[PDB]
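[1] experimental coordinates for this protein are included below, preceded by the sequence.
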Amino acid sequence: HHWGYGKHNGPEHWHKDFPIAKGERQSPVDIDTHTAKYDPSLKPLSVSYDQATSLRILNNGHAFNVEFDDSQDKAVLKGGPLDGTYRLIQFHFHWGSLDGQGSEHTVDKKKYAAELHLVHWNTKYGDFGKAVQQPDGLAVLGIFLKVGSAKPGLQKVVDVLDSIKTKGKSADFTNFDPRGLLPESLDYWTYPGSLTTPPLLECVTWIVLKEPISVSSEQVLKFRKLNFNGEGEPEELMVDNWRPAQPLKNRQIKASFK
Ligand SMILES: O=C1NC(=S)S[C@@H]1Cc1ccccc1
Ligand SMILES: [Zn+2]
């Protein structure tokens, strides 16, 4: 497959190789704050990242992934809408060419500068590959980024990007603490959806935090110096690596907060 974010291979083309692109539970979506319902049934959300073990950072030609050791329950997400234990496998971002675009989810049609996805898999399915084949296989914690003050807990990520400029490059990335990327409040919206890139599998419980984090203009500018291309290929800046909002269809978005 040769999917990407350009005119010729972007989101509007994905459905040809991945017909589930036009499915019933695709992500991202617009979160209409005046339609989303407070759900008193939601249990408290539990982000347990104390023992997280980051390993490596990889430019895969679509984004960069910070990868974690998920061979044990070291960094897990529980509670909220979730039954059981979901293990952190990786995080990555989607961002824009300009500060007015970049997020995948939107809030009352507002686009943020970027969006962080912390990807977790349900440990009752044993491995990530099995989990993506299940409707409750993954839990993705989504966090919006706006441009303002610098995020100190992001700077270690920003400073390694020079070493993974092009597709296929990776770097050792140990001892990174993903707690430094969270906002103060864990208030969230939740709905059932999908992976936001091919293969677009409808296996995700989305948990989208209400409170954005602030990052500096200089931090997001460094994301925009990454490349989609491989080393020694013509430069194509890694920007606007976001899928637009998809039809909500039969779904309800629930709020954790009044
Ligand atoms: O960019 C993304 N955001 C998501 S949420 S799923 C996709 C990454 C991904 C994760 C797992 C398998 C394939 C692709
Ligand atoms: Zn993502």
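    Good, I have the coordinates. Numbering: from 1, shown residues only. Ligands and ions are numbered 1, 2, ... in the order given.
[2] just give the number of residues close to residue 32.
    Neighbour count for residue 32, taken as other CB atoms under 10 Å: 14. C-beta coordinates here come from the backbone N, C-alpha and C atoms, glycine included.
[3] list the contacts for the closest residue to it other than its chain neighbours?
    Spatially, and ignoring its direct neighbours in sequence, residue 32 is nearest to residue 108 (6.3 Å; CB to CB, 6 or more residues apart in numbering). Residue 108 makes contact with 30, 31, 32, 33, 34, according to CB atoms under 8 Å, 6 or more residues apart in numbering.
[4] which stretches in the stretch 1-150 of the chain count as strands?
    30-31, 37-38, 45-48, 54-59, 64-68, 76-79, 86-95, 106-107, 114-122, 138-147 (DSSP state E, counting those that start in this stretch).
[5] quick one: contacts of the first one?
    Residues outside strand 30-31 that contact it (CB under 8 Å, 6+ apart) are 105, 106, 107, 108, 109, 189, 208, 245, 248, 253.
[6] for ChimeraX, what selects the buried ones among these?
    A single ChimeraX command is used to select the members of the contacts of strand 30-31 judged buried by 16 or more other CB atoms under 10 Å:
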select :105,106,107,189,208,245,248,253
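[7] now the contacts of strand 30-31 as TSV including distance to residue 116?
    TSV is the format used below for those (distance: CB to CB, whole Å):
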residue	distance to residue 116
105	11
106	15
107	15
108	20
109	20
189	15
208	11
245	17
248	22
253	19
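[8] going by distance to residue 140, which of the contacts of strand 30-31 wins?
    residue 208 (8.6 Å; CB to CB).
[9] same list (the contacts of strand 30-31) but as JSON lines, adding distance to ligand 1.
    As requested, the contacts of strand 30-31 are exported to JSON lines (distance: CB to the nearest ligand atom, whole Å):
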{"residue": "105", "distance to ligand 1": "10"}
{"residue": "106", "distance to ligand 1": "15"}
{"residue": "107", "distance to ligand 1": "17"}
{"residue": "108", "distance to ligand 1": "21"}
{"residue": "109", "distance to ligand 1": "20"}
{"residue": "189", "distance to ligand 1": "15"}
{"residue": "208", "distance to ligand 1": "11"}
{"residue": "245", "distance to ligand 1": "14"}
{"residue": "248", "distance to ligand 1": "17"}
{"residue": "253", "distance to ligand 1": "16"}
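[10] looking at the contacts of strand 30-31, which are in helices?
    The members of those all map outside helices under DSSP state H.
[11] contacts (any at all) between ligand 1 and stretch 131-140?
    Yes - using CB under 6 Å from any ligand atom, stretch 131-140 reaches ligand 1 at residue 140.
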